[PDB]
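Undergrad: Residue numbers (my numbering): 5 to 90.
#1: By alpha-carbon positions, which one of 41, 29, 59 ends up nearest to residue 6?
#2: Can you give me the start and stop residues for the alpha helix (DSSP H) that residue 49 sits inside?
#3: At which residues does the alpha helix (DSSP H) containing residue 84 begin and terminate?
#4: Within the continuous alpha helix (DSSP H) that includes residue 22, where are the two ends?
#5: To the nearest angstrom, how far is the alpha carbon of residue 65 from that of residue 88?
#6: So the alpha helix (DSSP H) residue 59 belongs to, where does it begin and stop?
#7: Taking C-alpha atoms, which residue in 63, 69, 47 lies nearest to residue 20?
If you want it as C-alpha cells, here you go:
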C-alpha cells in the first residue's frame, strides 16, 4: 500500500547509507502495514545480517521465502547465515 511502500523505500535508503539500525526500524514499520511484502522481509533479514544478528536474519529470510520461494538472494543469504550461526 501507499504508506507501506514508502516506509519500505525509506528502509532501503537507510540500508544504502549503511545505517542498519534505522533501516530495521523503517522496514519494521513497512511490515506492520504490509506483511505480504516479501522483499521487505528479505531486506530486513539483510539488515540484521549486516549487524551480525544471524538468528534474526534467518527468521526473516525464512519469512521472505515462505511468501516468495524463488527469491534466490534470500535463499543464498539464508544458507550463509545458517553456516555462520551453527
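All residues carry an ideal CB built from backbone N, CA and C; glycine is no exception.
TA: Reading from the atomic positions:
#1: Out of 41, 29, 59, the CA that lies nearest to the CA of residue 6 is found in 41.
#2: From DSSP, the alpha helix (DSSP H) with residue 49 extends over 42 to 54.
#3: Where residue 84 is concerned, the enclosing alpha helix (DSSP H) stretches over 76 to 89.
#4: Premise fails: residue 22 is in no alpha helix (DSSP H) and is neither H nor E.
#5: So the alpha carbons of these two residues sit roughly 14 Å apart.
#6: Start and end: 58 to 71.
#7: With distances taken between Cα atoms, residue 20 lies closest to 47.
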